[PDB]
Amino acid sequence: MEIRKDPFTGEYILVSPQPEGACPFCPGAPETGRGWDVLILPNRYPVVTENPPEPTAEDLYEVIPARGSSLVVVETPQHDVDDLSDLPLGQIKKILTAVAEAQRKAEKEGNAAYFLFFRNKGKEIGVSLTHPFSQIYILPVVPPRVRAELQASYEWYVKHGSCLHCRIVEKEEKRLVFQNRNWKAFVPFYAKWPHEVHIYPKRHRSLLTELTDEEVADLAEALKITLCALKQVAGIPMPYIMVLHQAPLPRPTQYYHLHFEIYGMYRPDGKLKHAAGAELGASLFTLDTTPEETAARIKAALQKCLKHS
Amino acid sequence: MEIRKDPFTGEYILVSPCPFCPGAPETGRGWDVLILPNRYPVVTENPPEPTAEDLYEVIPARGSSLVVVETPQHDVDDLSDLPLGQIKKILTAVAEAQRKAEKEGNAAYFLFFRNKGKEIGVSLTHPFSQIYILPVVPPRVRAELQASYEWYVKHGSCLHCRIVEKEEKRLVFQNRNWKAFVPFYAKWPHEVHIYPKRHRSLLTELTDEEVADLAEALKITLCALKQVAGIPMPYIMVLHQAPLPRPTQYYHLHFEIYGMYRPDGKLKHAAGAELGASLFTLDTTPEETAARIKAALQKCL
Ligand SMILES: O=c1ccn([C@@H]2O[C@H](COP(=O)(O)OP(=O)(O)O)[C@@H](O)[C@H]2O)c(=O)[nH]1
Ligand SMILES: O=c1ccn([C@@H]2O[C@H](COP(=O)(O)OP(=O)(O)O)[C@@H](O)[C@H]2O)c(=O)[nH]1
Ligand SMILES: [Fe+3]
Ligand SMILES: [Fe+3]
Ligand SMILES: [Zn+2]
Ligand SMILES: [Zn+2]
Ligand SMILES: [Zn+2]
Ligand SMILES: [Zn+2]
């Protein structure tokens, strides 16, 4: 068990070699207990652990200890909820608060380079467990996609003197799908996935742990309303991926701005999109619909999720 | 229609808003291999003026999107099922298409790739592969070029040459001209890379004997991947080669094959870790996977 590094790309590989049908995440399961609104608990099959073994060493290759934590965020005690967006605003706020508290703990641990929060949703993208949950990896390395974003963000800031993310968030109007006092959700110009929405704080924040209580309440709303729109823009619930892009631990950055990326994986025609030869083999992406048309369609659908605006 | 560029990653988005049987309108009859224009091209010879926005880089979607119709036979399941002679005709046709793209001198890159399996979205059941002739280098290839060059400056040799010479434990197949191995840095559940033993940068540099031996290495390697998980496995194949049209001492062409079943025969999906973070997980070592693929490969010999 170790973290191997691709010497051509710098990518990391995490090499980590109850009755049937029972839910491991329901209240009363062996590791969950009872009387909780949100539970963060150790992953049964952890990609990273507090006490990783000596890594497998080969002469031409870099290997590092799989030192870290792999956590499951059990989002609600209720098993029969299709999506995060079906939970009340107050419950989503408790989920975000618990994830932030976990990150504050990680920000004390010298071994943690990165706090990666992500969510996979839908049987069609490999999620077999039906209980609402998300994942945290506390890692000894910065995830390669976030490293690339940090390096470009830094170079821009040094070259141009301002945060590029701040400039993008200020400009977004045509592709905006939702905004509140603290958050803007928009289809980026450079969208790659069939329904892609980025959620940014209007104030420059680079760590989840910088967010005020009000910002977290407004975040819960932006997540609920954006995911609600995705659930119906195609007529049936859409599988999606959500990832939090933030600074590395433990210190705020002037040049990087945190954001949630959401990849809705149905085309406008309800056809599932699979990352294949172009995407995985070349890092080339294709769209059969403009980001501008996709923003308009998401925004129209999203009107049916609004309570007062 | 245009190529958009992510300002944070450099990634390019091609924004572009049975047909392959003998007798159909675009195919005709009497052919073994056809290379024809894609009906929905992501790049074209006559792209329109790109959609511009002030903070972003946009490029005209200029190039070619081609379908390689591998056989006139509809009910062939995999490239590996075809006879060596037919696989040689496919590879020869693809190299002839690259020679034209080299001589015409507009394109930056010739990307040859194959998607196989209903489970990864290949609804068309007639065997085919694809070519994108592009005005940009694919970002994954650009990252490999940069790393290959920096190794070359620091060490004086081709890193790919050093890797190929060292591979034994994870070797699944070799012949006079090619080595197929599970890389130490594999990211997909069944991943095999096929390298020429001679340093070659471009598909167009391969001799006829190297093409014949490549047909053999692909047929046998894909035969093994078809059987290793106990049912035919969906896979992605991509050719990583230099940008057009000159070779280099520091970059070495290879095929990467991503077999997308875990050892249990269940589909691996690229999701939040892979697509969100460029982070990859393996529940089996590359070494154990190479042993299983090599064992399966012995039956294919
Ligand atoms: O009893 C279980 C069943 C599942 N999971 C976790 O739920 C996630 C499902 O996704 P996946 O196997 O792809 O995650 P990874 O293991 O790679 O982090 C996995 O991490 C599981 O190990 C768990 O902690 N306990
Ligand atoms: O009548 C058809 C049906 C399909 N295809 C091609 O088969 C490939 C299937 O993959 P995909 O649609 O995902 O490819 P892309 O278009 O993005 O290049 C596509 O290129 C199709 O356009 C075609 O040329 N004609
Ligand atoms: Fe990002
Ligand atoms: Fe490669
Ligand atoms: Zn449950
Ligand atoms: Zn900012
Ligand atoms: Zn056909
Ligand atoms: Zn070489």
Side-chain angles (χ1 to χ4, degrees), chain A residues 14-16 18 20-32 39-48 68-81 116 118-120 125-137 139 194 267 269 271-279 282 284-288, chain B residues 13-16 18-21 24-27 34 36-44 63-69 111 113-116 120-132 262 266-274 277 279-283:
Chain A
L14 319 176
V15 180
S16 39
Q18 278 199 299
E20 156 187 74
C23 175
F25 301 151
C26 275
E31 295 310 281
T32 63
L39 213 56
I40 298 185
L41 62 80
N43 194 299
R44 148 161 294 262
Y45 311 101
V47 288
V48 281
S69 309
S70 173
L71 303 175
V72 177
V73 177
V74 191
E75 290 171 351
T76 171
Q78 290 182 165
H79 191 101
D80 208 45
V81 167
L116 180 69
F118 65 96
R119 190 180 203 278
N120 298 311
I125 67 153
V127 190
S128 46
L129 293 167
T130 51
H131 200 113
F133 75 95
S134 40
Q135 292 191 66
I136 298 156
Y137 295 161
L139 300 160
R267 293 178 179 83
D269 64 11
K271 191 148 292 198
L272 179 58
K273 170 78 167 237
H274 292 92
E279 302 84 1
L284 215 50
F285 307 89
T286 65
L287 289 178
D288 75 356
Chain B
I13 311 83
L14 312 191
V15 180
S16 187
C18 178
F20 310 146
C21 266
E26 18 203 27
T27 57
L34 285 182
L36 54 99
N38 192 307
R39 192 148 167 90
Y40 304 88
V42 295
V43 285
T44 207
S64 299
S65 179
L66 307 171
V67 179
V68 187
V69 190
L111 179 67
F113 67 94
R114 187 171 207 279
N115 292 325
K116 185 274 183 175
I120 63 166
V122 187
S123 55
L124 300 195
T125 189
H126 195 124
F128 71 96
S129 45
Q130 295 184 71
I131 302 162
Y132 296 164
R262 298 195 181 70
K266 292 309 221 311
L267 183 57
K268 180 59 183 262
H269 291 89
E274 300 85 0
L279 269 186
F280 305 96
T281 66
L282 279 187
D283 60 12

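Read the numbers this way: they start at 1 and go in the same order the structure lists the ligands and their atoms. The sequence lines fix the lettering, A, B, ..., with proteins before strands; numbering per chain opens at 1. The basis for the numbers below is simple: all heavy atoms, side chains too, and nothing from hydrogens, waters or symmetry mates.
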Sub-4.0 Å heavy-atom approach of B/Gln130 to ligand 2: yes

The one among B/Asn38, B/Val122, B/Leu66, B/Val43 that brings a heavy atom closest to atom 19 (C) of ligand 2: B/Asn38

Results of salt bridge (charged side-chain N to carboxylate O under 4.0 Å, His left out) for B/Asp283 - residues two or more places apart only: B/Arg262

Atom 4 (C) of ligand 1: the protein heavy-atom neighbour that sits closest, reported with distance to 0.1 Å: A/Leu129 CD1, 3.5 Å

Per-atom contact, atom 11 (P) of ligand 2, protein heavy atoms, under 4.0 angstrom: no

Which residues share a salt bridge (charged side-chain N to carboxylate O under 4.0 Å, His left out) with B/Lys268, sequence neighbours left out: B/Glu274

Nearest-option assignment for atom 17 (O) of ligand 1, heavy atoms, candidates A/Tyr137, B/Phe280, A/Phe133, A/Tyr45: A/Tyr137

A/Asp288 and ligand 2 - part of the residue with a heavy-atom distance under 4.0 Å: neither

Whether B/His269 and A/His274 hold their rings parallel, tilted or perpendicular, with breakpoints at 30° and 60°: parallel

Number of protein N/O/S atoms that sit closer than 2.8 Å to the Zn ion (ligand 5): 4

Atom 5 (N) of ligand 1: nearest protein contact (heavy atom, Å): A/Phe25 CZ, 3.8 Å

Contacts of type side chain to side chain contact (heavy atoms under 4.5 Å, CB included), residue B/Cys21, not counting sequence neighbours: B/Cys18, B/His74, B/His126

Top protein contact for atom 25 (N) of ligand 1, by heavy-atom distance: A/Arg44 CB, 3.3 Å

Enclosure of A/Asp80 CG (heavy-atom neighbours >12, cutoff 6.0 Å): no

